[PDB]
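J.: Chains as they are written, first to last, in the entry's author numbering: chain A, 34 to 259, 265 to 354; chain G, 34 to 353. Every residue gets a Cβ at the ideal spot worked out from N, C-alpha and C, and that includes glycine.
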Ligand SMILES: C[As](C)(=O)[O-]
Ligand SMILES: C[As](C)(=O)[O-]
Ligand SMILES: [Zn+2]
Ligand SMILES: [Zn+2]
Ligand SMILES: [Zn+2]
Ligand SMILES: [Zn+2]
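1) Can you list, in chain order, the residues of its chain with a C-beta nearer than 7 Å to that of residue 147(A)? Leave out the 5 residues immediately preceding and following it.
2) Tell me whether residue 271(A) sits in a helix, a strand or coil according to DSSP, three-state version.
3) Check each residue of the region 110–142 of chain A: if its Cβ is closer than 8 Å to any Cβ of chain G, include it; give the result in chain order.
4) Got a sec: does ligand 2 put a non-hydrogen atom nearer than 7 Å to the Cβ of residue 106(G)?
5) In the DSSP assignment, what are the bridge partners of residue 226(G)?
6) Which residue marks the beginning of the alpha helix (DSSP H) containing residue 82(A), and which one marks its end?
7) What residue range does the beta strand (DSSP E) around residue 56(G) cover?
8) Taking the straight line between their C-alpha atoms, what separation do you get for residue 121(A) and residue 283(A)?
9) What are the residues in the region 55–80 of chain A lying within 8 Å of chain G by C-beta distance?
10) Where residue 89(A) and residue 270(A) are concerned, what is the direct C-alpha to C-alpha distance, given to the nearest angstrom?
11) In whole angstroms, what is the alpha-carbon distance linking residue 166(G) and residue 299(A)?
12) What is the residue span of the beta strand (DSSP E) that residue 129(A) lies within?
13) Look up residue 294(G) in the DSSP assignment and say whether it is helix, strand or coil.
14) Tell me whether residue 171(A) sits in a helix, a strand or coil according to DSSP, three-state version.
15) Looking at the C-beta of residue 170(G), does it have a partner C-beta in chain A at a distance below 8 Å?
16) Using a Cβ-Cβ cut-off of 6 Å (strictly less than) and excluding sequence neighbours within five positions of residue 117(A), which residues of its own chain qualify?
17) Of all the options 127(A), 242(A), 139(A), 140(A), which has the alpha carbon lying nearest to the alpha carbon of residue 198(A)?
18) Between residue 93(A) and residue 317(A), how many whole angstroms is the CB-CB distance? I'm expecting something under 8 Å.
19) If the cut-off is 8 Å on Cβ atoms, which residues from the region 289–320 of chain A count as contacting chain G, listed in chain order?
20) Taking the alpha helix (DSSP H) that residue 38(G) belongs to, which residues open and close that run?
21) What does the Cβ neighbour count give for residue 320(A), buried or exposed, with the cut at 16 atoms within 10 Å?
22) Can you give me the C-alpha to C-alpha distance between residue 201(A) and residue 342(A), rounded to a whole angstrom?
23) Give the residues of chain A in contact with residue 209(G), contact being defined as C-beta atoms less than 9 Å apart.
24) With H, G and I counted as helix, E and B as strand and the rest as coil, what does DSSP make of residue 241(A)?
25) What does residue 149(A) touch in chain G if you count any residue whose Cβ is under 7 Å from its own?
26) Considering just the uninterrupted stretch of the alpha helix (DSSP H) at residue 209(G), what are its terminal residues?
27) Going by alpha carbons, who is nearest to residue 344(A) out of 194(A), 225(A), 141(A)?
28) Less than 8 Å between CB atoms is the rule here; does residue 145(G) satisfy it with respect to chain A?
29) Assuming residue 195(A) and residue 352(A) form a contact by the criterion Cβ under 8 Å, report the distance between their Cβ atoms to the nearest whole angstrom.
30) By the three-class DSSP mapping on this structure, what secondary structure does residue 280(A) have?
31) Anything in chain G within Cβ reach of residue 104(A), meaning under 7 Å, just list it in chain order.
32) On the CB-based measure, 16 or more other CB atoms within 10 Å of its CB, does residue 303(G) come out buried or exposed?
33) Taking only heavy atoms of ligand 3 into account, decide whether any of them is closer than 7 Å to the Cβ of residue 229(A).
34) Is there at least one non-hydrogen atom of ligand 3 closer than 7 Å to the beta-carbon of residue 171(A)?
35) Based on the DSSP secondary-structure assignment, which residues constitute the bridge partners of residue 123(G)?
36) Can you check whether the C-beta of residue 152(G) is within less than 8 Å of a C-beta belonging to chain A?
Right, dumping it as structure tokens:
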């Protein structure tokens with residue numbers, strides 16, 4: 034109804050505050066952090082880096098983040114719980130599947146995938162009793178046969194629980210179009226769905242058409258500009279506000295503190311390019327929008343009200 | 034030299050006894066057993082099935098099994114430890130990488146992979162303190178660039194620690210030949226390598242040439258015969274490869290196993306029920322069916338003991 038499951042337990046809508054809806058503590062692979070923690074220096078070093086990063090975002094106003102790391106991104110909810118407590122920042126955990134499913138997942142039916150997503154929402158993740166509050170899915174432009182099963186399983190899990198769905202897309206391939214078609218074929222309401230990485234395109238008519246159908250538009254790669267400037271990506275926010283779709287916007291950094299599912303030392307490159315980390319949205323994008331004339335009430339609606347409406351489990 | 038790592042700690046080689054060198058408690062994926070235990074009914078149901086099966090294997094004479102499940106086969110060494118203690122059967126754990134490495138492994142250099150394998154051999158697996166006693170690798174006929182990195186990392190770890198390497202191959206592709214060439218380019222002795230799934234072929238020329246070089250030949254798919262779609266040979270025809278290799282003078286290069294398991298999520302659903310209804314003996318298939326079949330064919334008892342006890346001991350002893 035109006036309670037959201039976090040890694041520390043359920044919270045009410047009003048407790049969520051300023052929420053970043055697409056983030057990671059650690060981008061990895063299933064089993065990897067526990068099998069090879071020295072890849073990150075140590076588990077303690079990674080935890081301490083994440084706590085400093087969250088404590089800084091908190092000092093910039095952030096009160097909640099949604100960690101959209103799935104099973105196959107190496108989600109370690111025990112890590113999330115530890116860092117959430119030390120930082121005093123709410124963390125919402127995810128179920129779903131990203132782009133690296135192991136064989137034991139790739140060979141499952143849509144019915145089996147539905148049961149796994151439902152277990153993580155309704156019973157808990159692993160043996161921790163921590164329940165997921167969002168379902169994360171991913172496709173690569175043209176949806177593969179397995180990715181279609183994942184999206185349908187995600188829709189069915191969302192329909193049984195009211196928990197929202199958030200996606201990874203290739204925006205340059207207009208990948209949200211095929212995602213939306215599958216979701217609607219399942220009877221999922223677009224207001225339960227965020228089409229993510231949408232700021233990777235300049236095609237405003239693609240974004241507006243999705244927003245016009247009721248989808249949330251995830252503009253979460255603003256600090257990933259590395265030819266368009268981050269200011270140019272951020273102007274997509276103002277463009278959608280001006281078209282009257284302020285209610286459909288979600289904003290985030292898609293940041294992380296460890297990253298093993300990429301080449302070695304990528305985290306050092308990323309941190310040198312965006313030293314603000316997860317504080318980039320509150321420290322840079324929000325003042326940029328206020329200076330371009332966006333009023334405080336609109337910015338509060340995007341960063342507080344929109345994520346509350348999105349994360350609150352709803353079947354209406 | 035004479036001590037090997039098991040999931041219960043170090044043992045002397047003389048305590049290994051009758052050893053099955055290619056087995057699995059559970060064939061899965063990294064993280065999967067802990068995230069979705071109800072795929073196997075429950076973690077408790079799976080442990081109890083493994084304990085029952087290992088107990089029947091022990092009654093048939095088995096004293097040690099080598100679980101060649103890697104990280105990416107979802108190896109859960111805490112489960113291996115629990116079932117080894119409850120069945121009172123030695124289990125040797127594995128490091129290495131099989132055919133399903135996640136991105137965090139696929140993107141690593143040969144140097145990084147070497148450190149990972151050395152971590153699991155010299156320090157321990159995850160935070161358990163349990164150390165691997167063997168390195169498992171896998172290729173699919175034509176070795177991929179990343180698979181070549183894994184084989185070179187495995188050879189370097191083996192040279193640093195002395196623990197052996199065992200492989201997954203497509204014997205129909207004669208895959209052991211490309212593996213051996215990579216291993217020998219790293220200076221690894223063939224006596225430290227088992228070429229596995231070798232009973233998937235009839236090509237005695239291919240098998241004897243590897244054995245003549247000092248490689249161990251893993252004949253580990255005998256009870257997989259009656260599983261159709263792949264192969265039409267009976268398990269008796271597969272077992273006669275053991276007799277064939279003995280007759281050519283290569284008894285010291287033979288390792289025999291079941292490649293069985295008690296849970297199997299890295300395959301289509303309900304495969305475990307098909308496998309168990311076809312081979313109800315499970316891991317006891319080798320001691321209960323194959324060994325008497327071979328003794329009937331005139332193979333001396335002391336040759337069979339050499340194959341099931343002596344060859345595994347020489348292979349697993351850290352040597353170098
Ligand atoms: C884990 As990602 C770089 O696809 O948001
Ligand atoms: C896990 As297997 C079927 O390659 O021995
Ligand atoms: Zn993504
Ligand atoms: Zn992400
Ligand atoms: Zn194999
Ligand atoms: Zn195997």
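T.: The structure says:
1) 186, 189, 190
2) helix
3) 133, 135, 136, 137, 138, 140, 141, 142
4) yes
5) 198(G)
6) 76–92
7) 52–56
8) 32 Å
9) 61, 62, 63, 64, 65, 67, 68, 69, 71, 72
10) 25 Å
11) 28 Å
12) 127–130
13) coil
14) strand
15) no
16) 40, 41, 124
17) 127(A)
18) 4 Å
19) 298, 299, 300, 301, 302
20) That residue, residue 38(G), is in no alpha helix (DSSP H); its beta strand (DSSP E) goes 36–39.
21) buried
22) 22 Å
23) Going along chain A, no residue has its Cβ under 9 Å from residue 209(G), so there is no contact; the nearest lies around 23 Å.
24) helix
25) 69
26) 209–218
27) 225(A)
28) yes
29) 5 Å
30) helix
31) 64, 68
32) exposed
33) yes
34) yes
35) 97(G)
36) yes
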